[PDB]
Amino acid sequence: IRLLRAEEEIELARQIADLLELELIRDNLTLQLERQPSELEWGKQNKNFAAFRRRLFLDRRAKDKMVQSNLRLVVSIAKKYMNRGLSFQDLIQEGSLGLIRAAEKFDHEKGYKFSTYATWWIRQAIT
Amino acid sequence: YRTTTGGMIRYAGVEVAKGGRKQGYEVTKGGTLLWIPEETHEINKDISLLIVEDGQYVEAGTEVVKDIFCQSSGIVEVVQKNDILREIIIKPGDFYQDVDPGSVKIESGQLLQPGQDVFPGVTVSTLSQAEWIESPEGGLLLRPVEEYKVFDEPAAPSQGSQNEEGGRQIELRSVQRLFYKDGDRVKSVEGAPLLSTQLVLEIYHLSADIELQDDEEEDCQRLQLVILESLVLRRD
């Protein structure tokens, strides 16, 4: 998998931030729609429903692209922890759970790189 | 040949011959050389982190742009393509009030002589380069150039050898090598050297040599670029 550039981390973070507001609306609507918001689309308020699924698929692919491409950072951190209690296989899977949480809380408006903020979350999930 | 910031470079009547654009370029003759400096900053910040405008003259007190401290003083210029900052072009020089912007655009590629004037009523001290900026409510800017003296051959010492010169002769040559051409600017903000007075040898793709510090005339050390082969000698 090819690594991301410095400008591609800012672009993918905007669709993840667009995915944060899309799941916050669904979490506020599931308390009054009998926990079944399959067709209840509050963001649109045949062409609008097809464009809503295209934006939902493109935003989930951006979160799919940021965690999958930054998997070399998990190996460089978990290689310094493979002596205490766990094997090398279990540390990358636990470190990848911190890379998912780092992608949701990454704020591109502050200006810092993704490798600076995700190091604090991969090392937290390993420890 | 150690400027403060980076910038463009263009020679005038200086021929060169090279085989690769990576490890410099060996010069052949002399000639004059110009240098138009401009500070650059290849960053990847956002637009909301920018606190200046397009064409705002900054000072050397703080000069904070995109939460990054600068080192020069001049007219700033940002580059935006897809809501991400790519380069911060800062052109140093003096800013003077002027009018008639339709005439200063044609003076962007001509060398401004110090004996002439850039505008009727506006004077200049030395030679510069005219450039107009697109700032709100308006004058053009003057970017000064820097000239240097280069030699076709530097001060090379007298080489001395003690051999029969049969099939194997070595010497030392001191040549100058430039790193940048006229149609390319440098992407640097710190001090970048322009040339390097090196010492290139030419044996007249094998026969590596070993140098050492050998001296017997005085009580000091002297370099000796010699070449030797070790022969076997049994202790029997």
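As documented in the archive entry, the model was determined using cryo-EM at 3.13 Å resolution.

*Asks:* Residues and numbers for the overall build of chain B, please.
*Replies:* A count of helices and strands for chain B gives one helix and 14 strands. A globule of 236 residues ought to have a C-alpha radius of gyration of about 18 Å, yet chain B, at 26 Å, is considerably larger. The dimensions of chain B, computed from C-alpha atoms along their principal axes, are 95 × 45 × 35 Å.

*Asks:* Give me the overall build of chain A: which residues, what numbers.
*Replies:* What chain A contains, in helices and strands, is five helices and zero strands. Principal axes of the C-alpha set define a box for chain A whose edges measure 55 × 35 × 25 Å.

*Asks:* Describe the packing of helix 1 (residues 8-29) of chain A against helix 2 (residues 47-69) of chain A, listing the residues and the values that go with them.
*Replies:* Axes are the key here: two packed helices are described by the angle between their axes and the distance separating the axes. All names here are of chain A. At their nearest, the axes of helix 1 and helix 2 sit 8 Å apart, and the two run at 125° to each other. The orientation of helix 1 with respect to helix 2, classified from their angle, is oblique. The two elements helix 1 and helix 2 cross, and the hand of that crossing is left-handed. Note on element contacts: helix 2 touches helix 1 through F52, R55, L56, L58, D59, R60, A62, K63, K65 and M66, opposite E8, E9, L12, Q15, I16, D18, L19, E21, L22, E23 and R26.

*Asks:* Please set out the sheet that holds strand 12 (residues 195-197) of chain B residue by residue, giving values where relevant.
*Replies:* Taken together, three strands build an open sheet; the order of strands is 2-11-12 (chain B) and the sheet is antiparallel. Two strands lie at the open edges of the sheet, namely strand 2 (25-26) and strand 12 of chain B, each paired on one side alone.

*Asks:* Got a sec to walk through the interface of chain B and chain A? Specific residues and values, please.
*Replies:* Residue-level contacts link nine residues of chain B with nine residues of chain A. Here the residues of the side of chain B that touches chain A are counted per class, giving two nonpolar, three polar and four charged.

*Asks:* How would you explain unusual backbone geometry if you had to name every residue and give the values?
*Replies:* Positioned with a positive phi, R35 of chain A is a non-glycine residue whose angle comes to about 60°. Counting through the fold element by element, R35 of chain A comes out in the loop between helix 1 and helix 2. Not every positive phi belongs to a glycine, and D100 of chain B is a case in point at roughly 55°. Along the chain, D100 of chain B falls in the loop between strand 8 (94-95) and helix 1 (101-104).

*Asks:* Report on the pattern of salt bridges, specifying residues and quantitative values.
*Replies:* Between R55 of chain A and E21 of chain A there is a salt bridge, with its nearest N and O atoms 3.9 Å apart. Of the charged contacts, one joins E23 of chain A and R60 of chain A as a salt bridge, the two residues approaching to 3.6 Å between their closest N and O atoms. One connected set of salt bridges, linked through shared partners, spans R2, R5, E7, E8 and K65 of chain A together with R86 of chain B.

*Asks:* Explain the sheet that holds strand 10 (residues 141-144) of chain B to me, and be specific about the residues and the numbers.
*Replies:* All names here are of chain B. Read from one edge to the other, the open sheet built from three strands follows the order 8-10-9, with strand pairing classed as antiparallel. Where the open sheet ends on each side, the last strands, each with one partner, are strand 8 and strand 9 (128-131). Pairing between strand 8 and strand 10: two bridges, direction antiparallel. The residue of strand 10 that forms the bridge with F95 is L141.

*Asks:* Can you tell me about the environment of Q198 of chain B, naming the residues and giving the values?
*Replies:* Residue and element names in this part refer to chain B. Tracing the backbone through its elements, the reader meets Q198 in the loop between strand 12 and strand 13 (210-213). For the pair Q198 and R177, spaced 21 residues apart in sequence, the C-alpha to C-alpha distance is 7.7 Å. Contact partners of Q198, with chain neighbours within four places excluded, come to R173, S174, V175 and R177.

*Asks:* Before we move on, can you summarise the packing of helix 4 (residues 88-104) of chain A against helix 5 (residues 114-126) of chain A with the specific residues and values?
*Replies:* All names here are of chain A. Taken N-terminus to C-terminus, the directions of helix 4 and helix 5 make an angle of 135°; their axes are 8 Å apart at the nearest point. Classified by the interaxial angle, the pair formed by helix 4 and helix 5 is oblique. Read as a crossing pair, helix 4 and helix 5 show a hand that is right-handed. Contacts from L91, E94, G95, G98, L99, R101, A102 and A103 in helix 4 reach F114, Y117, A118, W121, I122, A125 and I126 in helix 5.

Cut-offs applied
- Residues numbered from 1 in each chain as written, not as in the entry; some residues may be left out.
- Chains lettered and ligands numbered in written order.
- Part of a larger assembly, values for the part shown.
- Heavy atoms only, no water.
- Residues with missing side-chain atoms left out of burial classes, pairs and counts.
- Helix = DSSP H or I, 4+ residues; strand = E, 2+ residues; numbered from the N terminus.
- Rg over C-alpha atoms; globule rule 2.2 N^0.38 Å.
- Axes fitted to C-alpha atoms, helices over the stretch in contact; angles between N-to-C directions.
- Parallel < 35°, antiparallel > 145°, perpendicular 65-115°, else oblique.
- Left-handed = near helix turned anticlockwise from the far one by under 90°.
- Contact = heavy atoms within 4.5 Å.
- Pairing = 2+ DSSP bridges.
- Nonpolar A, V, L, I, M, F, W, Y, C, P; charged D, E, K, R; others polar.
- Salt bridge = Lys/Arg side-chain N within 4 Å of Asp/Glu carboxyl O.

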